[PDB]
Amino acid sequence: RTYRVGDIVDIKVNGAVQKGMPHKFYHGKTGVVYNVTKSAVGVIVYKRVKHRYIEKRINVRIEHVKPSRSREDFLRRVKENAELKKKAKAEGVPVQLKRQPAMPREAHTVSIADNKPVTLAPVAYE
Amino acid sequence: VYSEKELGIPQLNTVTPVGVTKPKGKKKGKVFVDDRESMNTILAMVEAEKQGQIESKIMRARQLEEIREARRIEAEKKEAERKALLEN
Amino acid sequence: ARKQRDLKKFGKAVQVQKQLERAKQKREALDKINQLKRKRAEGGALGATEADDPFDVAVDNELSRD
Amino acid sequence: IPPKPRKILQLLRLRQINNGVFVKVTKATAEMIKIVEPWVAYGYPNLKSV
Amino acid sequence: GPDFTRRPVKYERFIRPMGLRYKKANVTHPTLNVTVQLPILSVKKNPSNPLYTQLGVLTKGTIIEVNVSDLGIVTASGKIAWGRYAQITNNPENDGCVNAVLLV
RNA sequence: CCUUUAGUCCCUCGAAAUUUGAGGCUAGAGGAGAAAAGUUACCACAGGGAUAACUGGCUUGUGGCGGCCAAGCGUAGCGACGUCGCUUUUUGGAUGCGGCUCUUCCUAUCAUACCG
RNA sequence: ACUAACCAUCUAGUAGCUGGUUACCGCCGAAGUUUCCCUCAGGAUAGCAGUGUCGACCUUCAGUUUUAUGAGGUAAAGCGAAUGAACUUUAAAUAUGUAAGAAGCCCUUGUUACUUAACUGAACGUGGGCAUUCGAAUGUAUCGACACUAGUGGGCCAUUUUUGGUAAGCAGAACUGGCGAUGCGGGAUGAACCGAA
């Protein structure tokens, strides 16, 4: 794997190799790299203080770091909005460029035919 | 207080010569004292500092003279060994 | 001076960690004897006395001979 | 009170006790209120109440 | 074990009293289900302290060498066993007796 | 260079006669170099860190260990009361702050009273 | 050969230690901590509080939720899906890191001393696209930078998570909460309890 400077990497921490062993607090963490070496990578991490947050620097080698794709989803959203915006302008109709927080559901009727409800006791005995 | 052997202190040339010093961390060649004369001279020096202070001038002179004679015999025997191993 | 500063800073953690390491050692020793007991119960082929060598090496040599 | 409930109360504008507000039912708001469950009483108001 | 021994300067100041010394143990043979009083030959491993196993301290779960001659255990080659391993499985400090189970 | 491990029962030497020991082979495990190095729940000295009192519905009359049995819990493991084995059997000094007077209380009562 | 006592003065000798250190009201208000240097009767940086100057305007911001995606596949259902916690279509509970816009994405071709077989790639620029929902919710008692100044560098208890241990005690890490600087109601009474400032 090839990693450049400025990208975002997730840390997995596998037990195969004891070299470059990070702490359990740095295990399963996400941060940004600042230094790249032959084998180890310098990563900027955010640590939680008892009342605040600080920025630390850790040295983790290749076998623990992998790329992330949260920014991939963000760029997917940007492209999706751009394409819908262009298409809506071309067709002369308005569209929602927003995303919705999943509003509650509407009223509906459910039939009983061929779906007769079954009565249940508090405990299943058989 | 720490020992001058522990500290990496270089040897300093004074009225007492440093001589040909040996490199650090390397093989300091072992010279063996198994000759009766060499044991005599080492023993004479040891007894000299063990006895120490003597009021009599002649006694002090004789102590120094026996050490000197031990060194003389040691040197003679070593030179003889040198000659023996160089010719035969 | 710097070494002794580090010692004073980490004094107690060393003590608790050594206590834990000794507990782990006791667990390991009890395990190895339990393995010895189980193997003797299953089967085993000895002499008149026990091996005169140290117990840890004696036990290992048996658990490797099988 | 833990900091997460402390922040949710600040954002729901419930700074004092007996301090009701109106909230639009939604996934995000419902999750906030469900986290702040141990401190508030909430329900569905009617026309007379409003 | 012995009585008038001179200990190394390493251990010379460790005093082990007569009231605390033990010489025989109640050793249980499981398969030939029987408990007999047997002399203690040596202390092989106290799993709590190397200093204890050097001093001969008898604690719970402690491997000792026991004379099993009276049992008449026949070995594979046909010989009678004169020494086996036995684990102290009681608390001799709380119980005024030493109880061992024989590892056979 | 010797030692161990498993193998063909493949070869030599030694021994005893109707069997062994030591080597031999296959491949795992042990042993920059006379300057010194590593190591220890050990000792002595010196120093540093932690801890700094401690018991406070505590305590009393019936041991511990292993087996058998074992209502159950559980679906192998925990397991009481008993019984068996060890301690343990076929002829009868220990101890290394004490002592005396008086008040009051407790009962875990030596005497006096009454009972089985 | 060599190297006591009292009086006045130097002397108001030398302390980091002890004791004490003088009206009222109003406003603002802590910390008990990170990191570095060095063996002290400790310094430096950052943090909390405050003052001044400069830039914008809920701009922005946030111990929060949602969406997306990691570390936890942890429980569960099935095996009339395959295979056999180490099985899986699916997937719990539980906390937790990151991202969510003009401080944006691309695509297009001019230069470069970089590079490539090459106007070919990378960087530096140009053109475009959305200024009205500019691209989740809720709140917003504004935020940022520079300069300067004062008091702080102790911990005790408890919930949950977790490591080890005992016959039982217990010992240690992470978060959070209470108490320090907090009055009031209640628990007959009271550092650690409940309600509430």
# chains A, B, ... in the order shown; residues from 1 in each chain; ligands from 1
call {"tool": "residues_around", "arguments": {"residues": "residue 54 in chain C", "least_positions_apart": "3", "cutoff": "10 Å", "atoms": "only C-alpha atoms (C1' of nucleotides)", "output": "VMD selection string"}}
result
(chain C and resid 51 57 to 59) or (chain E and resid 44 to 45)
call {"tool": "write_last_selection", "arguments": {"atoms": "N, CA, C and O atoms", "output": "short mmCIF file (atom, residue, chain, number, x, y, z; two decimals), in the first residue's frame"}}
result
data_model
loop_
_atom_site.label_atom_id
_atom_site.label_comp_id
_atom_site.auth_asym_id
_atom_site.auth_seq_id
_atom_site.Cartn_x
_atom_site.Cartn_y
_atom_site.Cartn_z
N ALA C 51 14.23 -37.61 38.04
CA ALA C 51 15.43 -37.04 37.45
C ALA C 51 16.08 -36.04 38.39
O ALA C 51 15.39 -35.21 39.00
N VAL C 57 13.25 -28.00 34.18
CA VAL C 57 13.82 -28.68 32.99
C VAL C 57 13.36 -30.13 33.02
O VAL C 57 13.07 -30.68 31.95
N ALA C 58 13.27 -30.71 34.21
CA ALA C 58 12.77 -32.09 34.32
C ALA C 58 11.35 -32.13 33.78
O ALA C 58 11.06 -33.02 32.96
N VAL C 59 10.51 -31.20 34.21
CA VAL C 59 9.08 -31.28 33.79
C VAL C 59 9.00 -31.07 32.28
O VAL C 59 8.26 -31.81 31.62
N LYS E 44 11.14 -29.68 45.73
CA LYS E 44 11.47 -29.46 44.31
C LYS E 44 11.00 -28.10 43.82
O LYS E 44 11.83 -27.41 43.22
N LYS E 45 9.74 -27.70 44.05
CA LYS E 45 9.35 -26.34 43.61
C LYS E 45 8.20 -25.74 44.39
O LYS E 45 7.12 -26.31 44.34
#
call {"tool": "interface_residues", "arguments": {"of": "chain G", "to": "chain A", "cutoff": "10 Å", "atoms": "only C-alpha atoms (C1' of nucleotides)", "output": "MDAnalysis selection string"}}
result
chainID G and resid 33:34 47 63 66:72 96:101 104:106 129:130 133 135:137 174:176
call {"tool": "select_by_dssp", "arguments": {"residues": "chain E", "states": "strand (DSSP E)", "output": "ChimeraX atom specification"}}
result
/E:24-29,34-45,62-66,84-88,99-102
call {"tool": "atom_distance", "arguments": {"atom1": "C1' of residue 167 in chain G", "atom2": "CA of residue 103 in chain E"}}
result
26.2 Å
call {"tool": "closest_residue", "arguments": {"among": "E:98, E:76, E:41, E:86", "to": "chain C", "atoms": "only C-alpha atoms"}}
result
E:76
call {"tool": "residues_around", "arguments": {"residues": "residue 89 in chain G", "least_positions_apart": "6", "cutoff": "12 Å", "atoms": "only C-alpha atoms (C1' of nucleotides)", "output": "number ranges by chain"}}
result
G: 77-79, 81-82
call {"tool": "residues_around", "arguments": {"residues": "range 26-38 of chain F", "least_positions_apart": "3", "cutoff": "9 Å", "atoms": "only C-alpha atoms (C1' of nucleotides)", "output": "MDAnalysis selection string"}}
result
(chainID B and resid 24:30) or (chainID F and resid 3:5 7)
call {"tool": "write_last_selection", "arguments": {"atoms": "N, CA, C and O atoms (P, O5', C5', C4', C3', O3' and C1' of nucleotides)", "output": "PDB file, in the first residue's frame"}}
result
ATOM      1  N   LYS B  24      41.857   0.694  24.322  1.00  0.00           N
ATOM      2  CA  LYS B  24      40.760   0.352  25.214  1.00  0.00           C
ATOM      3  C   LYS B  24      39.845  -0.686  24.574  1.00  0.00           C
ATOM      4  O   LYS B  24      39.571  -0.649  23.372  1.00  0.00           O
ATOM      5  N   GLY B  25      39.377  -1.619  25.399  1.00  0.00           N
ATOM      6  CA  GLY B  25      38.460  -2.646  24.940  1.00  0.00           C
ATOM      7  C   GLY B  25      39.088  -3.688  24.043  1.00  0.00           C
ATOM      8  O   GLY B  25      38.368  -4.450  23.391  1.00  0.00           O
ATOM      9  N   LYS B  26      40.415  -3.764  24.018  1.00  0.00           N
ATOM     10  CA  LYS B  26      41.135  -4.696  23.165  1.00  0.00           C
ATOM     11  C   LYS B  26      41.953  -5.644  24.028  1.00  0.00           C
ATOM     12  O   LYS B  26      41.941  -5.566  25.258  1.00  0.00           O
ATOM     13  N   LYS B  27      42.673  -6.543  23.361  1.00  0.00           N
ATOM     14  CA  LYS B  27      43.429  -7.588  24.040  1.00  0.00           C
ATOM     15  C   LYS B  27      44.670  -7.041  24.730  1.00  0.00           C
ATOM     16  O   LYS B  27      45.690  -6.786  24.081  1.00  0.00           O
ATOM     17  N   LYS B  28      44.594  -6.860  26.048  1.00  0.00           N
ATOM     18  CA  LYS B  28      45.765  -6.507  26.840  1.00  0.00           C
ATOM     19  C   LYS B  28      46.599  -7.756  27.080  1.00  0.00           C
ATOM     20  O   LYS B  28      46.240  -8.589  27.918  1.00  0.00           O
ATOM     21  N   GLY B  29      47.705  -7.896  26.355  1.00  0.00           N
ATOM     22  CA  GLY B  29      48.510  -9.102  26.421  1.00  0.00           C
ATOM     23  C   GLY B  29      48.938  -9.482  27.823  1.00  0.00           C
ATOM     24  O   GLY B  29      49.513  -8.666  28.548  1.00  0.00           O
ATOM     25  N   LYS B  30      48.657 -10.721  28.214  1.00  0.00           N
ATOM     26  CA  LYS B  30      48.968 -11.188  29.559  1.00  0.00           C
ATOM     27  C   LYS B  30      50.431 -11.601  29.639  1.00  0.00           C
ATOM     28  O   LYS B  30      50.858 -12.530  28.947  1.00  0.00           O
TER      29      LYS B  30
ATOM     30  P     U F   3      28.522 -39.240  22.986  1.00  0.00           P
ATOM     31  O5'   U F   3      27.365 -38.301  23.550  1.00  0.00           O
ATOM     32  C5'   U F   3      27.231 -38.077  24.946  1.00  0.00           C
ATOM     33  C4'   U F   3      26.006 -37.258  25.265  1.00  0.00           C
ATOM     34  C3'   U F   3      24.704 -37.717  24.627  1.00  0.00           C
ATOM     35  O3'   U F   3      24.101 -38.802  25.310  1.00  0.00           O
ATOM     36  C1'   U F   3      24.924 -35.378  24.379  1.00  0.00           C
ATOM     37  P     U F   4      23.108 -39.797  24.529  1.00  0.00           P
ATOM     38  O5'   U F   4      21.773 -38.945  24.341  1.00  0.00           O
ATOM     39  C5'   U F   4      21.007 -38.531  25.463  1.00  0.00           C
ATOM     40  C4'   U F   4      19.847 -37.659  25.051  1.00  0.00           C
ATOM     41  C3'   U F   4      18.933 -38.232  23.978  1.00  0.00           C
ATOM     42  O3'   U F   4      17.983 -39.144  24.502  1.00  0.00           O
ATOM     43  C1'   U F   4      19.465 -35.987  23.451  1.00  0.00           C
ATOM     44  P     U F   5      17.434 -40.352  23.597  1.00  0.00           P
ATOM     45  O5'   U F   5      16.362 -39.660  22.646  1.00  0.00           O
ATOM     46  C5'   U F   5      15.269 -38.933  23.186  1.00  0.00           C
ATOM     47  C4'   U F   5      14.572 -38.122  22.124  1.00  0.00           C
ATOM     48  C3'   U F   5      14.175 -38.884  20.870  1.00  0.00           C
ATOM     49  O3'   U F   5      12.975 -39.619  21.029  1.00  0.00           O
ATOM     50  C1'   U F   5      15.241 -36.868  20.257  1.00  0.00           C
ATOM     51  P     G F   7      11.386 -45.083  17.032  1.00  0.00           P
ATOM     52  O5'   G F   7      11.719 -45.284  15.488  1.00  0.00           O
ATOM     53  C5'   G F   7      10.737 -45.034  14.492  1.00  0.00           C
ATOM     54  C4'   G F   7      11.367 -44.884  13.131  1.00  0.00           C
ATOM     55  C3'   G F   7      12.322 -45.994  12.725  1.00  0.00           C
ATOM     56  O3'   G F   7      11.642 -47.123  12.205  1.00  0.00           O
ATOM     57  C1'   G F   7      13.314 -43.891  12.282  1.00  0.00           C
TER      58        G F   7
END
call {"tool": "residues_around", "arguments": {"residues": "residue 44 in chain D", "least_positions_apart": "6", "cutoff": "10 Å", "atoms": "only C-alpha atoms (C1' of nucleotides)", "output": "ChimeraX atom specification"}}
result
/D:22-23,25
call {"tool": "select_by_dssp", "arguments": {"residues": "chain B", "states": "alpha helix (DSSP H)", "output": "PyMOL selection string"}}
result
chain B and resi 36-51+57-87
call {"tool": "interface_residues", "arguments": {"of": "chain C", "to": "chain F", "cutoff": "9 Å", "atoms": "only C-alpha atoms (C1' of nucleotides)", "output": "PyMOL selection string"}}
result
chain C and resi 4+7-12+15+22+65
call {"tool": "interface_residues", "arguments": {"of": "chain F", "to": "chain E", "cutoff": "10 Å", "atoms": "only C-alpha atoms (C1' of nucleotides)", "output": "VMD selection string"}}
result
chain F and resid 41 to 43 63 to 67 84 to 87
call {"tool": "atom_distance", "arguments": {"atom1": "CA of residue 58 in chain E", "atom2": "CA of residue 82 in chain E"}}
result
21.2 Å
call {"tool": "residues_around", "arguments": {"residues": "residue 47 in chain C", "least_positions_apart": "6", "cutoff": "8 Å", "atoms": "only C-alpha atoms (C1' of nucleotides)", "output": "PyMOL selection string"}}
result
chain E and resi 75-77+79+81
call {"tool": "residues_around", "arguments": {"residues": "residue 3 in chain E", "least_positions_apart": "5", "cutoff": "12 Å", "atoms": "only C-alpha atoms (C1' of nucleotides)", "output": "JSON, numbers by chain"}}
result
{"E": [16, 17, 18, 21, 23]}
call {"tool": "write_last_selection", "arguments": {"atoms": "C-alpha atoms", "output": "PDB file, in the first residue's frame"}}
result
ATOM      1  CA  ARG E  16      13.854 -22.120  60.495  1.00  0.00           C
ATOM      2  CA  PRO E  17      12.536 -23.298  63.882  1.00  0.00           C
ATOM      3  CA  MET E  18      12.182 -26.858  65.122  1.00  0.00           C
ATOM      4  CA  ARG E  21      10.091 -28.185  60.675  1.00  0.00           C
ATOM      5  CA  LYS E  23       9.660 -34.564  58.176  1.00  0.00           C
TER       6      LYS E  23
END
call {"tool": "atom_distance", "arguments": {"atom1": "CA of residue 60 in chain C", "atom2": "CA of residue 20 in chain C"}}
result
24.1 Å
call {"tool": "closest_residue", "arguments": {"among": "C:42, C:32, C:26, C:3", "to": "chain E", "atoms": "only C-alpha atoms"}}
result
C:26
call {"tool": "closest_atom_pairs", "arguments": {"of": "chain C", "to": "chain G", "cutoff": "10 Å", "atoms": "only C-alpha atoms (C1' of nucleotides)", "output": "Markdown table"}}
result
| residue | atom | partner | partner_atom | distance |
| --- | --- | --- | --- | --- |
| C:1 | CA | G:39 | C1' | 6.5 |
| C:2 | CA | G:39 | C1' | 8.7 |
| C:4 | CA | G:39 | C1' | 9.3 |
| C:5 | CA | G:39 | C1' | 8.3 |
| C:12 | CA | G:172 | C1' | 9.8 |
| C:13 | CA | G:172 | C1' | 8.5 |
| C:16 | CA | G:172 | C1' | 6.6 |
| C:17 | CA | G:172 | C1' | 8.8 |
| C:19 | CA | G:164 | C1' | 8.5 |
| C:20 | CA | G:164 | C1' | 6.1 |
| C:21 | CA | G:164 | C1' | 9.5 |
| C:23 | CA | G:164 | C1' | 7.2 |
| C:24 | CA | G:164 | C1' | 8.7 |
